[PDB]
Amino acid sequence: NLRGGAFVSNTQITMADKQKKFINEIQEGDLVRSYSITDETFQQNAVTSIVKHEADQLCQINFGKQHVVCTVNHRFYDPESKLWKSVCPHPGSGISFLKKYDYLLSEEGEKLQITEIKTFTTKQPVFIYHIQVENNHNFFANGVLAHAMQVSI
Amino acid sequence: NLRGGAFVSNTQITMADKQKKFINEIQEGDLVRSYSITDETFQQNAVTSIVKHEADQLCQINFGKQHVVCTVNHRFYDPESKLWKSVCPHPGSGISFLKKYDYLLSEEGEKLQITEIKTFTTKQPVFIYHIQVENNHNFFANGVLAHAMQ
Ligand SMILES: [Zn+2]
Ligand SMILES: [Zn+2]
């Protein structure tokens, strides 16, 4: 399902060695760059699941010229306010609103400001992907910290 | 739960006789004004359920000076594009985005343009309510057509 949201196929995932791979090429057992919010350290972790879905509703989040495209309900870490945030959080989920001028955390641990957010509907449904990542349950999508799908959700 | 969304306690519901009652005063068996999209006719229908929740995340949808305050995932009928819409539709739900300059359907069948939408977080959780309405599964909240929890 799409309860944790999903990224478009050409979203780049930061591998453990800081190489970049498209999410649609990710496989179970792939080692990705991940982050433990308490230690404030970067750790490698295996992908334990990768699933392909479809949807026609997406949001583009700009941070400078760089951007990420995902379902409106994907969660991103704001390292300024130290909160997990989404453009469209479910009420009672405990996830905060993600808005223009909020911050994302880069794969090098820097605060990147969000300069623009837009929602749009594609003519046809496009392929989207969600992954599970052991231990830290997060990864870097186009260089910013995003939350991985969880079973406990 | 809050999958269908909910309205704040001081949301006015149009009764069958076109009187207004606060959603927090609504009772099972109350007859409310409702709408069948196919017939394009107004019908009376009984509330079958009313539940009180809490949340601190809300959006305000303005249509002129009037507005409605609900969870971001509440569905409203746009009579211009003839689609059910939400500020924050769940992906794959088949609900379209509701945005500034879209349209709402008044309790008298008139298209009212949305002039502003904003999301905010309250200091403390507030009480919010969803209802079930037989047959048409909709009602008028501050005079605009809204979907009832299916
Ligand atoms: Zn899934
Ligand atoms: Zn409920």
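Chains as they are written, first to last, in the authors' numbering: chain A, -4 to 148; chain B, -4 to 145. We treat Cβ as the ideally placed atom computed from N, Cα and C, and that holds for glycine.
I want to verify the contact list: residues of chain A whose CB lies under 9 Å from the CB of residue i, in sequence order.
i, result
"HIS125 of chain B", "The contacting residues do not exist; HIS125 of chain B stays about 11 Å from chain A at best."
With a CB to CB cut of under 8 Å and the five nearest residues on each side skipped, what residues in its chain are close to residue i?
i, result
"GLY24 of chain B", "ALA41, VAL42"
"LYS106 of chain A", "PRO74, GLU75, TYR98, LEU99, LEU100"
"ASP97 of chain B", "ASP73, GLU75, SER76, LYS80, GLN108, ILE109"
Short of 6 Å in beta carbon distance, which residues of its chain neighbour residue i, apart from the five on each side in sequence? Order them along the chain.
i, result
"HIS125 of chain B", "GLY(-1), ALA1, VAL46, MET144"
"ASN57 of chain A", "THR110, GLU111"
"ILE45 of chain A", "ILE21, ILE126"
Below 7 Å on C-beta distance, what does residue i contact in chain B?
i, result
"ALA143 of chain A", "Within 7 Å Cβ-Cβ: nothing; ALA143 of chain A doesn't reach chain B, min ~17 Å."
Residue j and residue i - do their beta-carbons sit closer together than 9 Å?
i, j, result
"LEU53 of chain B", "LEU99 of chain B", "no"
"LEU99 of chain A", "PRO120 of chain A", "no"
"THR9 of chain B", "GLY89 of chain B", "no"
"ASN133 of chain A", "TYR72 of chain A", "yes"
"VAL121 of chain B", "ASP51 of chain B", "yes"
"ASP73 of chain B", "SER91 of chain B", "yes"
"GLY104 of chain A", "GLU35 of chain A", "yes"
Find the residues of chain A that neighbour residue i, judging by a C-beta separation of less than 8 Å, and give them in chain order.
i, result
"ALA50 of chain B", "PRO86, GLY87"
"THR116 of chain B", "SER91, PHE92"
"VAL67 of chain B", "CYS83, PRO84, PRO86"
"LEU78 of chain B", "Result: empty, since nearest Cβ-Cβ is about 11 Å, beyond 8 Å."
"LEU(-3) of chain B", "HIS85, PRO86, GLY87"
Listing by chain order, which chain B residues have their CB less than 9 Å from the CB of residue i?
i, result
"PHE134 of chain A", "The premise fails here: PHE134 of chain A is roughly 19 Å from chain B at the closest Cβ pair, so nothing lies under 9 Å."
"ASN57 of chain A", "Here the premise fails: no neighbours, minimum Cβ distance about 18 Å."
"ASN68 of chain A", "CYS83, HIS85, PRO86"
I'd like the span of the beta strand (DSSP E) that includes residue i, first residue to last.
i, result
"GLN61 of chain B", "61 to 65"
"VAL139 of chain A", "139 to 142"
"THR110 of chain A", "Note, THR110 of chain A: premise wrong, no beta strand (DSSP E); not H, not E."
"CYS54 of chain B", "36 to 58"
"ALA1 of chain B", "Per DSSP, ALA1 of chain B belongs to no beta strand (DSSP E) and is neither H nor E."
"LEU78 of chain B", "78 to 81"
Kindly indicate which residue of the options has the alpha-carbon position closest to the one of residue i.
i, options, result
"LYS113 of chain A", "A:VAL64, A:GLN14, A:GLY87", "A:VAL64"
"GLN14 of chain A", "A:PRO86, A:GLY0, A:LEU26", "A:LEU26"
"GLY(-1) of chain A", "B:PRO86, B:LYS77, B:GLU35, B:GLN108", "B:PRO86"
"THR116 of chain A", "A:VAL67, A:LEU53, A:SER4", "A:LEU53"
"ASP12 of chain A", "A:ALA41, A:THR6, A:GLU111", "A:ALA41"
"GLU129 of chain A", "A:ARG28, A:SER4, A:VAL3, A:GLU102", "A:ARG28"
"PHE134 of chain B", "B:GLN14, B:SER29, B:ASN68", "B:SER29"
"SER88 of chain A", "A:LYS95, A:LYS94, A:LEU78, A:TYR96", "A:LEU78"
"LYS95 of chain B", "B:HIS142, B:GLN22, B:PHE58", "B:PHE58"
"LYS118 of chain A", "A:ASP51, A:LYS16, A:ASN(-4), A:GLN39", "A:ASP51"
"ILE112 of chain B", "B:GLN22, B:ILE21, B:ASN68", "B:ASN68"
"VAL3 of chain A", "A:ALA136, A:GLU102, A:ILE148", "A:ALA136"
"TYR96 of chain A", "A:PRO86, A:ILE8, A:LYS80", "A:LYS80"
Identify the contact partners of residue i in chain A, using a Cβ-Cβ distance below 7 Å as the criterion.
i, result
"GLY87 of chain B", "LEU(-3), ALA50"
"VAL64 of chain B", "Within chain A, no residue comes near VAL64 of chain B; the closest Cβ sits about 13 Å away, beyond 7 Å."
"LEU107 of chain B", "Result: empty, since nearest Cβ-Cβ is about 22 Å, beyond 7 Å."
Using C-beta distances below 7 Å, list every residue in its chain close to residue i, excluding the 5 sequence neighbours before and after it, in chain order.
i, result
"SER31 of chain B", "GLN38, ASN131"
"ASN5 of chain B", "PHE17"
"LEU78 of chain B", "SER91"
Strictly below 8 Å CB to CB, what residues from chain B border residue i?
i, result
"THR116 of chain A", "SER91, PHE92"
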